[PDB]
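Note sheet for the following structure.
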Amino acid sequence: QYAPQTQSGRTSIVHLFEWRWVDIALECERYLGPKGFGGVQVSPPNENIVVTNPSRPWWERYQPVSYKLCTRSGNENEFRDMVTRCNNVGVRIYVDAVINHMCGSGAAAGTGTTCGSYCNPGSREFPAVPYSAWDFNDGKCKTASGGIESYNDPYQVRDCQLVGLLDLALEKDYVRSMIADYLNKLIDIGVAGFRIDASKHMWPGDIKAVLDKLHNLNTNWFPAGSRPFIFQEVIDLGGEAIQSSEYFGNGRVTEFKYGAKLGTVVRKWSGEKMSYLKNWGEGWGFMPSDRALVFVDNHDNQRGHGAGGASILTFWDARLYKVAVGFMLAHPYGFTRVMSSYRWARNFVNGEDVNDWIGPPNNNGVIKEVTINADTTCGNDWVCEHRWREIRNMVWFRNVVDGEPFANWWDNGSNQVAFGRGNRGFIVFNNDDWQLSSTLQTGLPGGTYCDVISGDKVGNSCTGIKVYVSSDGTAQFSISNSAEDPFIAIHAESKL
Ligand SMILES: C[C@H]1O[C@H](O[C@H]2[C@H](O)[C@@H](O)[C@H](O)O[C@@H]2CO)[C@H](O)[C@@H](O)[C@@H]1N[C@H]1C=C(CO)[C@@H](O[C@H]2O[C@H](CO)[C@@H](O[C@H]3O[C@H](C)[C@@H](N[C@H]4C=C(CO)[C@@H](O)[C@H](O)[C@H]4O)[C@H](O)[C@H]3O)[C@H](O)[C@H]2O)[C@H](O)[C@H]1O
Ligand SMILES: OC[C@H]1O[C@@H](O)[C@H](O)[C@@H](O)[C@@H]1O
Ligand SMILES: [Ca+2]
Ligand SMILES: [Cl-]
């Protein structure tokens, strides 16, 4: 459950948030495959309720009504086609499994669903599954409102309603089996693993019981006996009743402290400095590297939802975002996930974005295609961070230095920092308000390397900064505090 099951040499996955199956299929063949991306985390592929107020928000996909592969991203044919085409080019697919609940208990009975399935939230009727009143935790929840009134009580958070969502009685074998059948169908289709949504709201044992029923991965692409990759969404910033460690037996867990702390350090808040990152990782109180799935921001916290707060860096703060993603992709800690978002009209009234609900780029409800521009960027308001040179080249960097140990750390005692990875890569950062000009030990063999942050190595030339490393591994790095990208990165494969 801990092994990502990516094709050898590939070390990251991209969250193609709200993308349509057809666009992902294309993206796999034209970009993800050739650019060494390990895989893609897709949005919930099962049927959800249609929320008309507000107009088709992104969160309606987290309110299931059945397990039919039928959504705004596409139908089952399109889904199967995507998985096949992506696996065929070496890019795995990971599904966002929403299994702790069904739709909002307050939703209206009817066929206002993405596939037309009938459902009656009021009576807990979900005919298309099927689920009935006795498959929910209403009777087990002890709070007056039936909702989570305190996060200090493990029972409320797991047995009661998360924001009014109907809570599934996961201790029942019937429910356990319905969910397993859904996941098994996906596994057989070719999916490599899952993101267990809202794991914190389920007992580790219930998740385990479900996982034990899962099929081995499809042998058309995976070796016989391969277990699916599992990463559970557990928001634990420390100091709360439920600990992420309670889920280590099921698979990897989302380390939310990673993005919260990094954002604060890179922004230079609360007295934090980049020089403090020397012992980044478990030294900062994070979970063991091999149990962690790390990221800078995720679909929730980039828009105020979930956890992280104001410190979280997103594509909105492009410059700082790039250095944080670069640091993450360079550091050996955890399995990295890269975010890929869409632009929305933010509108902050009282420090709160009242438009945080806005769904993906659409034409009267139907999702717009991802258009690719000549300069390799995306149109139709898809930001495509994964296509930014600075990001795509760091994904490559991670592949290249995979397995090499953290080494040759250097810092100016403030915000200028540097470290390498064995003898295959080195990265330098300047987040101070002054010039960086030093001769540092890179640990790399002598030669001329193309900086992959400012450019690329084309044939036998660099399109950006070139770094000459002496026979003794040293090199000079000159980075101005006003540089567009205040960091340089070089590796074995960018060598001329
Ligand atoms: C979003 C994450 O919430 C929780 O994290 C909390 C941490 O546990 C806690 O430590 C931290 O301090 O605070 C966090 C919350 O800010 C979960 O632990 C975490 O798993 C969540 N992230 C996951 C999980 C979900 C749920 O599947 C997704 O949440 C989004 O989607 C829901 C559903 O669409 C959305 O809620 C909308 O719908 C419900 C029904 C509305 N609730 C109203 C309706 C009724 C009647 O049914 C009333 O009873 C309710 O009281 C009333 O509020 C919501 O108003 C509406 O927004 C969430 O807002 C979305 O965030 C996440 O996407 C997923 O990543
Ligand atoms: O050593 C790790 C610690 O270093 C301190 O200087 C920082 O302020 C802490 O946030 C961090 O956890
Ligand atoms: Ca629950
Ligand atoms: Cl997540």
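In what follows, every heavy atom counts, from backbone to side chain, and hydrogens, waters and symmetry copies are set aside. In listed order, ligands and their atoms are each counted from 1. One is the number of the first residue; the rest follow in order along the sequence.
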What atoms of ligand 1 come closer than 4.0 angstrom to any heavy atom of [X]?
X      : result
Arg195 : 65 (O)
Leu165 : 33 (C), 40 (C)
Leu162 : 26 (C)

Could you identify the single nearest non-hydrogen protein atom to [atom] and state the distance to 0.1 Å?
atom                    : value
atom 64 (C) of ligand 1 : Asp197 OD1, 3.1 Å
atom 13 (O) of ligand 1 : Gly306 O, 4.1 Å
atom 61 (O) of ligand 1 : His305 ND1, 3.0 Å
atom 7 (C) of ligand 1  : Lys200 NZ, 3.6 Å
atom 65 (O) of ligand 1 : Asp300 OD2, 2.7 Å
atom 29 (O) of ligand 1 : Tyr62 CB, 4.7 Å
atom 12 (O) of ligand 1 : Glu240 OE2, 4.7 Å
atom 48 (C) of ligand 1 : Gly164 CA, 4.1 Å

Nearest-option assignment for [atom], heavy atoms, candidates [options]:
atom                    : options                      : value
atom 57 (O) of ligand 1 : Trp59, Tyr151, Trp357        : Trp59
atom 5 (O) of ligand 1  : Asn298, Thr254, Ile235       : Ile235
atom 17 (C) of ligand 1 : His101, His201, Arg61, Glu60 : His201
atom 44 (C) of ligand 1 : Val157, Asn48, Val163        : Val163

Is it true that atom CG of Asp212 has more than 12 heavy atoms of other residues, nucleotides or ligands lying nearer than 6.0 Å?
->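 Count over threshold, so yes.
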
Do [X] and [Y] have side-chain N/O donor and acceptor atoms under 3.5 Å apart?
X      : Y      : value
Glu47  : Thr71  : no
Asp353 : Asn347 : no
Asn380 : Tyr342 : no

Cation-aromatic face contact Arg337/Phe295, 6.0 Å, 45 degrees |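 Pair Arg337/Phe295 counts as cation-pi.
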
State plainly whether the residues [X] and [Y] are in salt-bridge range, i.e. N to O under 4.0 Å.
X      : Y      : result
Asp96  : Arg195 : yes
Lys172 : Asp135 : yes
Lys261 : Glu255 : no

Protein heavy atoms: any of them under 4.0 Å from atom 39 (C) of ligand 1?
->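 Yes, there is a protein heavy atom closer to it than 4.0 Å.
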
Quick one: does atom 55 (O) of ligand 1 have a protein heavy atom under 4.0 Å from it?
->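 Protein heavy atoms within 4.0 Å of atom 55 (O) of ligand 1 - there are none.
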
Under 4.0 Å from ligand 2, counting heavy atoms only: the protein residues, by chain and number =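 Residue list for ligand 2: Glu272, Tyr276, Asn279, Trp284.
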
Thiol sulfurs of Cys119 and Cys103 closer than 2.5 Å =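 The answer is no, since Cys103 and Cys119 keep their SG atoms 2.5 Å or more apart.
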
Does even one non-hydrogen atom of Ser105 get within less than 4.0 Å of ligand 1?
->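 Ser105: in contact with ligand 1 (<4.0 Å).
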
Identified side chain to side chain donor-acceptor pair (under 3.5 Å) counterpart of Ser73 within the set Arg61, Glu18, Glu78, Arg20 =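 Exactly one option meets the side chain to side chain donor-acceptor pair (under 3.5 Å) with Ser73, and it is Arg61.
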
Atom of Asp432, atom of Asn415 and distance for their closest heavy-atom approach =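 Heavy atoms only, the tightest pair is OD2-N, 2.8 Å.
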
Might you point out which heavy atoms bring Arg10 and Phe37 nearest each other, and give the distance in Å?
->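 Of all heavy-atom pairs spanning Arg10 and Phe37, the closest is NE-O, 3.0 Å.
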
Does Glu233, backbone or side chain, put an N or O under 3.5 Å from an N or O of ligand 1?
->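 N/O-N/O distance under 3.5 Å: yes.
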
Flag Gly106 as yes when one of its N or O atoms lies below 3.5 Å from any N or O atom of ligand 1, and as no otherwise.
->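 Yes, there is a polar N/O contact under 3.5 Å.
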
Apply the test salt bridge (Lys or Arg N to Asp or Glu O under 4.0 Å) to residues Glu246 and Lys200: give CA-CA distance (whole Å), side-chain angles for both, the deciding distance (0.1 Å), then the verdict.
-> CA-CA 9 Å; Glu246 294 172 39; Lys200 178 176 176 170; over 6 Å; no

Near the Ca ion (ligand 3), which protein N/O/S atoms are found at less than 3.0 Å?
->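 Per the 3.0 Å query on the Ca ion (ligand 3), atoms found are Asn100 OD1, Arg158 O, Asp167 OD1, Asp167 OD2, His201 O.
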
Ring centres of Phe126 and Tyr131 under 6.0 Å apart?
->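 Between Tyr131 and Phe126, which both carry aromatic rings, the centre distance is not below 6.0 Å.
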
